[PDB]
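Written out below as structure tokens is the structure these notes cover.
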Amino acid sequence: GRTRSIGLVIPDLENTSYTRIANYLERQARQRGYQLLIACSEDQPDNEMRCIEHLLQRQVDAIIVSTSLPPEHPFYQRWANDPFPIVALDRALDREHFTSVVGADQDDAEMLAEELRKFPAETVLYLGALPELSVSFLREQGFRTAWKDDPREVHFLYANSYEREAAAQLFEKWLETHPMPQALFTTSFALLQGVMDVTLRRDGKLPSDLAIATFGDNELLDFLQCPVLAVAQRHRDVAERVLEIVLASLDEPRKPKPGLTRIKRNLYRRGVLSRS
Amino acid sequence: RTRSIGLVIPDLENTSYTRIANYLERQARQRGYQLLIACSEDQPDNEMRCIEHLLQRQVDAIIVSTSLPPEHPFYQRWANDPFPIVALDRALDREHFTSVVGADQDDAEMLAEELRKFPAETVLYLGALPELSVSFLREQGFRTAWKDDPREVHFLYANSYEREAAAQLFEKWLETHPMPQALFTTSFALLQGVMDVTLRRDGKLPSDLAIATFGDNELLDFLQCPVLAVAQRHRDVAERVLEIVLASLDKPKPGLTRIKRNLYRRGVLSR
């Protein structure tokens, strides 16, 4: 009854994090005799639900999804007590009913923020997005823990989306009344790209006196002239775990106990720190 | 008819292939087709297995970037067959298959011509694997642009398109040659090795250096010297490849079809 196929619904194959996870999931699925069917949602809920339906129509045996919807959204509640495996990747689904393989956001932000705090800097800027979301709050809580005994006042700035242009416009507006920071903590690589876009437009280069700490990573940051700290997901491990959950959900009498499986990120020392 | 299309590529790590995959996925989905991606890791045996697997799944057509040469009997099975197999990047037999490939010679000529405009006494061309098609096409393009220029270009060839190999070879070359004021690299990986040696030695790149490279990326905006780079037109490539598949299904001429790269001015040239 098994088509030996597994759906993967992710926003795109642009974002390095998503391409890397797709890369490893495809490799590992093929090694177990499964064809991955990738369907990109463009991070849009209506598209995502359409992709889900299309994959069901193609009779995939299971679906791995990074959802753009709230974790408890009714659309997925259809599968809450059903044999059909839906496994969440990166962004959680209802921990009562689904297994989600996600980051250890609070801990990872604390670990990154503790490293950032080691750089002398008068002006410290925290740039996040969508502060009301659980994920955003957890990252800020981790940062605050790391900085709780530091006497510096940190500037908090929040974009309306985790998106490069939104960050650029907000940071550019911020610079009208604040100095360039000497320490910067960004909660997504897209936010950091917007800041870097403005800094390059304004100055033609990054300051040597700027310590950058970001979620997300790109080994090309090794070539920047300022200190850069980055936290990347353990893509290979996440892929192996998700597949193992999908196959256990198919191969065993009972599904894995629902809940979050939080996988720590790696901290990478980039920019001038790669030349220490 | 399953309204699905196989895509066999080395991996989803190479930003060339991920970008093409990204656009092929969107355009195929927009037409009701499901893309079935299979990664070969550039291994011939892996590739042949992936093809068979996709055939089992009754895909309507296959797009492949092959790790096999022309002349290999494998694809000869479909030489005169209604089933569409379309080549991407590496060409299949021109008598029988349509291949969407690079215009490497013309791209290298365009890039080299822009680099030639920079004042530079010492010019270094850094490539790899000079006997390979990709390598010789790019060299010929360069030499065409530099044909009547009085400067003697230094040619340097690494044993692979790899950062560490380039770093080692460039460090050795600097023992007896001055830092160039113009550098042409046939791959971004080679440029990375040159930047490794230069940054580790001097902590910065020279002001008096113009760089031209294949493999454009956003790091290049940060560089504090003039930079020229070429990049594939990924969306246009994906569109052409899907056009060919759909027309074969719903017939295109066998042979190579080439899509040129775009040129970007990066580093201090963005100012």
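Only heavy atoms go into these numbers, but all of them, side chains included; no hydrogens, no water, no symmetry mates. Residue numbers begin at 1 in each chain, while the letters A, B, ... track the order of the sequences.
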Q. Atom CD1 in B:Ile37, atom CG in A:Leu25: separation rounded to 0.5 Å?
A.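 These two atoms lie 12.0 Å from each other.
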Closest approach of [X] and [Y], non-hydrogen atoms and distance?
{"X": "A:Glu26", "Y": "B:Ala38", "answer": "OE2-CA, 3.5 Å"}
{"X": "B:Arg29", "Y": "A:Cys51", "answer": "CD-SG, 4.3 Å"}
{"X": "A:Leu220", "Y": "B:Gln192", "answer": "CD1-NE2, 4.0 Å"}
{"X": "B:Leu54", "Y": "A:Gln35", "answer": "CD2-OE1, 3.7 Å"}

Q | Which portion of B:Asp196 sits near chain A, non-hydrogen atoms under 4.5 angstrom | A |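 Answer is both: backbone and side chain atoms of B:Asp196 are under 4.5 Å from chain A.
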**Q.** Engaged part of B:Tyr17 at the chain A interface, taking heavy atoms whose separation is under 4.5 Å
**A.**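 For B:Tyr17, neither part sits under 4.5 Å from chain A.
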Q) Has the side chain of A:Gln225 got a donor or acceptor atom that lies under 3.5 Å from a matching backbone atom of B:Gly203? A)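 Yes; judged by distance alone, with no hydrogens or angles, the pair exists.
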Q) Looking just at side-chain N and O atoms, do B:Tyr23 and A:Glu14 make a donor-acceptor pair shorter than 3.5 Å? A)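 Short answer, no.
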Q) Is A:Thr19 close to B:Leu12 at the side-chain level, that is, under 4.5 Å between some pair of heavy atoms? A)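 SC-SC contact between B:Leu12 and A:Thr19 ruled out.
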Q) What residue, out of A:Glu42, A:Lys205, A:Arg27, has the most heavy-atom pairs lying under 4.5 Å from chain B? A)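 The residue among A:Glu42, A:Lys205, A:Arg27 with the greatest pair count is A:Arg27.
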Q: Could you tell me whether B:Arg200 sits above the aromatic face of A:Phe223, with NZ or CZ closer than 6.0 angstrom to the six-membered ring centre and within 45 degrees of the axis?
A: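 Checked: cation-pi criterion met.
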(Q) If you count heavy-atom pairs within less than 4.5 Å of chain A, which of B:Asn22, B:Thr2, B:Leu35 leads? (A)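 Ranked by contacts with chain A, first place is B:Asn22.
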Q | Choice from B:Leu223, B:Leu199, B:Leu205, B:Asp11 maximising heavy atom contacts with chain A below 4.5 Å | A |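 With the most close heavy-atom pairs to chain A, the winner is B:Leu199.
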Q) Just wondering, are more than 12 heavy atoms of other shown residues or ligands nearer than 6.0 Å to CD in B:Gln30? A)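 Enclosed: over 12 neighbouring heavy atoms sit under 6.0 Å from CD of B:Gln30.
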(Q) Can you confirm whether more than 12 heavy atoms, excluding those of B:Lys117, are under 6.0 Å from its NZ atom? (A)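 Counting other residues, nucleotides and ligands, NZ of B:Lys117 exceeds 12 neighbours.
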Q: Check whether A:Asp222 gets within reach of chain B through its side chain, its backbone, both or neither, counting any heavy atom under 4.5 Å.
A: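 Both parts, backbone and side chain.
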Q: For a side chain to side chain contact (heavy atoms under 4.5 Å, CB included) with A:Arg4, tell me which candidate from B:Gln56, B:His53, B:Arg57 qualifies.
A: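 Option passing the side chain to side chain contact (heavy atoms under 4.5 Å, CB included) with A:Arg4: B:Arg57.
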Q. Less than 4.0 Å between a side-chain N and a carboxylate O, is that true for B:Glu218 and A:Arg164?
A.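 So A:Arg164 pairs with B:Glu218 through a salt bridge.
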